[PDB]
Protein chains: 2
Amino acid sequence: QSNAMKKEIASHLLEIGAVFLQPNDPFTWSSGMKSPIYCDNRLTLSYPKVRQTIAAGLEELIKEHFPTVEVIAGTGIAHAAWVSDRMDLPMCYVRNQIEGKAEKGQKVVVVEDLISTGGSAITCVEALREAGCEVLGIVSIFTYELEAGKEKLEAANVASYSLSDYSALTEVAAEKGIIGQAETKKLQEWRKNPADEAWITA
Amino acid sequence: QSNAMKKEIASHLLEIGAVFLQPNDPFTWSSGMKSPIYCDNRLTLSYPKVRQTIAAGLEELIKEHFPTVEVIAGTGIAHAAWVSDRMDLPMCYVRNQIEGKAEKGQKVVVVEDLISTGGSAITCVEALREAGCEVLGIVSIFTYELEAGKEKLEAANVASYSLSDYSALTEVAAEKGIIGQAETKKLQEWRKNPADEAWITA
Ligand SMILES: [Cl-]
Ligand SMILES: [Cl-]
Ligand SMILES: [Cl-]
Ligand SMILES: [Cl-]
Ligand SMILES: [Cl-]
Ligand SMILES: [Cl-]
Ligand SMILES: [Cl-]
Ligand SMILES: [Cl-]
Ligand SMILES: [Cl-]
Ligand SMILES: [Cl-]
Ligand SMILES: [Cl-]
Ligand SMILES: [Cl-]
Ligand SMILES: [Cl-]
Ligand SMILES: [Cl-]
């Protein structure tokens, strides 16, 4: 659990190619923003054991932090499916139409693949709150730990926990020799100011 | 299994509101076509036991008919998730981009919520064939048994099996007293010629 789980999960994500790092040759995201990292947890679908380890971890986060949960909401659908089955709970998903039942007062936990800028997380929470549900919080597989997302969730009073995060993944990548100390500095600078291209030459 | 399973599943679908019948007051589908029936299996997501009974049934259809399966493809994502977990198989899904691994020669089974006109089923099969996969066939929760769909799948050489179908559901609905003999005739005529509004006054 905690730090051990974060490093173990980061190791798996790197190993299966669900998270890529290229600090010396930046990726360009669909927004046009340069980044040393990209996460695509859709790839976990192809790994039956790794995806189960992830679903078990998400379930453990829910039991630990949101034990009164009544409904699981995905945005993500596959992992919400795996979590809701392990917990024998109704599921719904949010496109902002909600598919599946989400009734007034029901206690909901959101399952997200990734917390990035916070926009997509807030969009999902807002849909559920609009429907009358009590959103307990969010559990996600990964988070880039960006200040923008942190502030958005804090301001909306949404508790959020992730199985692994950028910090753990940077450390594991260095332990593995994928990156070194020079790239670690670039990774640290990107997280602090992701839209500022100074990180590229940090 | 077989007829028993089809009637049991139809009963559950009616009971949870996943299939509606209104032969005396036709629905208008998004295409503008009048219909005595509508199926929305997204509602099964809210029913932990019923959805498990469905996933177990889909798994049984795959074991019975497509035993050499290597990958489960959803289009549907939640049920493909439940089936792939029970079978410990990699999963992918098809939007026609394929998310998750679908490699050359891998034996794939498609999991569909509903077989209607055949268009959406063919679209999914074609994407997987284009990717180089061997599509073993399709398993679905429900089928309207329309001739249009039957012919499209036959012409593309795609084997298709459904847990329940229109015929079983009509029979169960009559047994339950939801519909009678007069409405049964209207239902029979719609299936034969769904775009011809003579069924409305059959
Ligand atoms: Cl992701
Ligand atoms: Cl695996
Ligand atoms: Cl495997
Ligand atoms: Cl709680
Ligand atoms: Cl949808
Ligand atoms: Cl986000
Ligand atoms: Cl709330
Ligand atoms: Cl459906
Ligand atoms: Cl249920
Ligand atoms: Cl329940
Ligand atoms: Cl086979
Ligand atoms: Cl997608
Ligand atoms: Cl179809
Ligand atoms: Cl094929």
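A note on names: the letters A, B, ... follow the listed sequences, proteins ahead of strands, and every chain is numbered from 1. What you see below is based on every heavy atom in this structure, not just the backbone, and it leaves out hydrogens, waters and symmetry mates.
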**Request:** Kindly give the heavy-atom pair with the smallest separation between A81(B) and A81(A), and that separation in Å.
**Result:** CB-CB, 3.8 Å
**Message:** I'd like to know which of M91(B), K101(B), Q52(B) tops the heavy-atom pair count under 4.5 Å against chain A.
**Reply:** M91(B)
**Prompt:** If you measure from CG on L89(A) to CG on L45(B), what distance do you get to the nearest 0.5 Å?
**Reply:** 12.5 Å
**Asked** Within a reach of under 6.0 Å around NZ of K150(A), are more than 12 heavy atoms found that belong to other residues, nucleotides or ligands?
**Response** no
**Prompt:** Among pairs that include at least one residue of residues 82-99 of chain B, which meet salt bridge (charged side-chain N to carboxylate O under 4.0 Å, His left out), considering only residues two or more places apart or in two chains?
**Reply:** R42(A)-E99(B), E59(B)-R86(B), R95(B)-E99(B)
**Message:** Counting neighbours of NZ on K185(A) that are heavy atoms of other residues, nucleotides or ligands and sit closer than 6.0 Å, is the number greater than 12?
**Reply:** no
**Message:** At a heavy-atom distance under 4.5 Å, which candidate from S84(A), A102(A), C92(A) has the highest pair count against chain B?
**Reply:** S84(A)
**Request:** Taking all non-hydrogen atoms of both residues into account, name the closest pair between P48(A) and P90(B) and its distance.
**Result:** CG-N, 3.6 Å
